[PDB]
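Student: Take this structure first; my questions come after.
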Amino acid sequence: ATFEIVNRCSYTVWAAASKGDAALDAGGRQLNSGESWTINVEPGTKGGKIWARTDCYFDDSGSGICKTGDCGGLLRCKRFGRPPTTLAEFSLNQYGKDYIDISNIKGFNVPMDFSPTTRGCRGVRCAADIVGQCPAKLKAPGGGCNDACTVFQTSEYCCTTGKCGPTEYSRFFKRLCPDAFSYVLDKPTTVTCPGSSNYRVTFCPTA
């Protein structure tokens with residue numbers, strides 16, 4: 001499957017793509033404002049994620065740091081990124097269908113649209129100014145808006161027991177972005193697409 005990753009932000013981002021225990025494609029790349037990077041993701045990929053990283057520095061070997069979404073200091077991510085990270089999430093070719101969503105469960109750093117480029121389903125978007133409107137207690141000094149689990153480490157926010165409800169914090173993310181997961185047991189906003197669809201992830205789709 002192809003994913004075209006497009007940076008419409010006025011700032012550089014370092015895109016990342018991983019399934020948690022391995023890179024997808026090269027795993028990461030710099031995208032200046034306006035740049036597009038197309039990656040190939042193997043059919044059947046389960047639990048894949050794409051995200052943006054901000055304010056990164058890498059040496060000539062591809063080792064460094066990002067202020068949001070850092071994946072063990074690598075340019076080419078093999079693992080998931082450090083919150084806060086707006087997440088484009090997907091599982092492909094699962095009994096004949098693809099499943100896509102956007103999640104704020106690990107916080108929000110950069111606005112995103114995640115849409116099919118092929119027929120048969122709709123896209124999802126979280127493009128509100130979540131960083132600007134972020135509750136004081138969730139603001140990440142390093143940049144972005146943390147989820148409450150990251151900040152407070154409670155069973156209720158982290159849904160550790162599989163028994164949690166919505167919270168004042170989850171409701172903030174849900175109010176700003178109804179079409180993204182705001183906590184683990186949120187009413188799903190997952191979209192079912194034809195198996196083997198192709199996609200575009202656009203950072204800063206509205207600005």
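Residues are referred to by chain and number: the chain letter is A, B, ... according to the order shown in the structure tokens, the number counts from 1 in that chain, and ligands are numbered separately from 1 in the order shown.
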Which neighbours of residue 24 (chain A) fall inside 12 Å, counting only C-alpha atoms, when residues of the same chain fewer than 2 positions from it are skipped, and could you give them as a PyMOL selection string?
Tutor: chain A and resi 1-3+15-22+26-29+38-43+45-51+76-80+90
Student: When DSSP is applied to the backbone of this structure, which of region 123-195 of chain A are assigned strand (DSSP E)? Write them out as number ranges by chain.
Tutor: A: 124-126, 191-194
Student: Residues of region 19-73 of chain A within 9 Å of region 95-115 of chain A: nearest atom pair and distance (Å, one decimal) for each, counting only C-alpha atoms, sorted by chain and number, as CSV?
Tutor:
```
residue,atom,partner,partner_atom,distance
A:44,CA,A:98,CA,8.8
A:51,CA,A:110,CA,8.4
A:52,CA,A:110,CA,6.7
A:53,CA,A:109,CA,8.0
A:54,CA,A:109,CA,8.0
A:68,CA,A:109,CA,6.9
A:69,CA,A:109,CA,8.3
```
Student: In Å to one decimal, how far is CA of residue 67 (chain A) from CA of residue 83 (chain A)?
Tutor: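 Those two atoms sit 9.4 Å apart.
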Student: Where in region 55-198 of chain A does DSSP assign alpha helix (DSSP H), given as a list in words?
Tutor: residues 130, 131, 132, 133, 148, 149, 150, 151, 152, 155, 156, 157, 158, 168, 169, 170, 171, 172, 173, 174, 175 and 176 of chain A
Student: Please provide the set of residues having any atom within 10 Å of residue 149 (chain A), restricted to only C-alpha atoms, with same-chain residues fewer than 2 positions apart removed, written as a ChimeraX atom specification.
Tutor: /A:105-107,138,146-147,151-160,169-170,183
Student: Within 10 Å of residue 207 (chain A), counting only C-alpha atoms, which residues show up once you throw out same-chain ones fewer than 3 positions away? Write them as number ranges by chain, please.
Tutor: A: 8-10, 111, 127, 203-204
Student: Next, the residues of the selection above should be written as an mmCIF file, in the first residue's frame with N, CA, C and O atoms.
Tutor:
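Final output, result_36.cif:
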```
data_model
loop_
_atom_site.group_PDB
_atom_site.id
_atom_site.type_symbol
_atom_site.label_atom_id
_atom_site.label_comp_id
_atom_site.auth_asym_id
_atom_site.auth_seq_id
_atom_site.Cartn_x
_atom_site.Cartn_y
_atom_site.Cartn_z
ATOM 1 N N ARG A 8 1.919 20.148 4.921
ATOM 2 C CA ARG A 8 1.373 21.455 4.551
ATOM 3 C C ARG A 8 1.644 22.497 5.649
ATOM 4 O O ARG A 8 1.274 23.663 5.514
ATOM 5 N N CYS A 9 2.300 22.084 6.731
ATOM 6 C CA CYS A 9 2.659 23.031 7.791
ATOM 7 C C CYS A 9 3.671 24.053 7.296
ATOM 8 O O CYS A 9 4.424 23.778 6.368
ATOM 9 N N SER A 10 3.701 25.220 7.937
ATOM 10 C CA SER A 10 4.675 26.250 7.580
ATOM 11 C C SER A 10 6.056 25.941 8.154
ATOM 12 O O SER A 10 7.028 26.615 7.828
ATOM 13 N N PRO A 111 -1.582 19.065 13.655
ATOM 14 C CA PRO A 111 -2.877 18.707 13.067
ATOM 15 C C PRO A 111 -2.705 17.794 11.852
ATOM 16 O O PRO A 111 -1.680 17.854 11.161
ATOM 17 N N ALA A 127 -7.871 18.682 12.998
ATOM 18 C CA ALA A 127 -7.119 19.848 12.552
ATOM 19 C C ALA A 127 -7.361 21.107 13.381
ATOM 20 O O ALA A 127 -6.904 22.187 13.020
ATOM 21 N N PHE A 203 -0.162 16.725 7.043
ATOM 22 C CA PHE A 203 0.027 17.525 8.247
ATOM 23 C C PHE A 203 -0.405 18.961 7.964
ATOM 24 O O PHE A 203 -0.143 19.492 6.880
ATOM 25 N N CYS A 204 -1.081 19.575 8.935
ATOM 26 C CA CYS A 204 -1.629 20.932 8.783
ATOM 27 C C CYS A 204 -2.519 21.065 7.542
ATOM 28 O O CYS A 204 -2.277 21.910 6.680
#
```
Student: Which residues are close to residue 64 (chain A), i.e. within 6 Å by only C-alpha atoms, leaving aside same-chain residues fewer than 3 positions away? Reply as a ChimeraX atom specification.
Tutor: /A:57-58,73
Student: Could those residues be written to a file, using N, CA, C and O atoms, as a PDB file, in the first residue's frame?
Tutor:
```
ATOM      1  N   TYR A  57      16.881  17.423  15.715  1.00  0.00           N
ATOM      2  CA  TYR A  57      18.262  17.533  15.282  1.00  0.00           C
ATOM      3  C   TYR A  57      18.840  16.150  15.103  1.00  0.00           C
ATOM      4  O   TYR A  57      18.740  15.321  15.999  1.00  0.00           O
ATOM      5  N   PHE A  58      19.461  15.912  13.952  1.00  0.00           N
ATOM      6  CA  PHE A  58      20.129  14.644  13.697  1.00  0.00           C
ATOM      7  C   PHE A  58      21.529  14.866  13.172  1.00  0.00           C
ATOM      8  O   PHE A  58      21.765  15.774  12.373  1.00  0.00           O
ATOM      9  N   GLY A  73      15.669   8.511  19.508  1.00  0.00           N
ATOM     10  CA  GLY A  73      16.718   9.345  18.925  1.00  0.00           C
ATOM     11  C   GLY A  73      17.103   9.038  17.487  1.00  0.00           C
ATOM     12  O   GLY A  73      18.135   9.500  17.005  1.00  0.00           O
TER      13      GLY A  73
END
```
Student: What separation in Å, quoted to one decimal, exists between CA of residue 173 (chain A) and CA of residue 130 (chain A)?
Tutor: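 Distance reported for this atom pair: 7.3 Å.
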Student: For each of A:202, A:196, A:117, A:161, take the minimum atom-to-atom distance to residue 93 (chain A), counting only C-alpha atoms, then give the residue where this is smallest.
Tutor: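 Looking only at the distances to residue 93 (chain A), the closest residue turns out to be A:196.
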Student: Extract, using only C-alpha atoms, all DNA, RNA and protein residues at most 10 Å from residue 59 (chain A), discarding same-chain residues fewer than 3 positions from it, and format them as a list in words.
Tutor: residues 62, 63, 64, 65, 74 and 75 of chain A
Student: Go ahead and compute the interatomic distance for CA of residue 126 (chain A) and CA of residue 177 (chain A), in Å to one decimal.
Tutor: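 Separation of CA of residue 126 (chain A) and CA of residue 177 (chain A): 5.3 Å.
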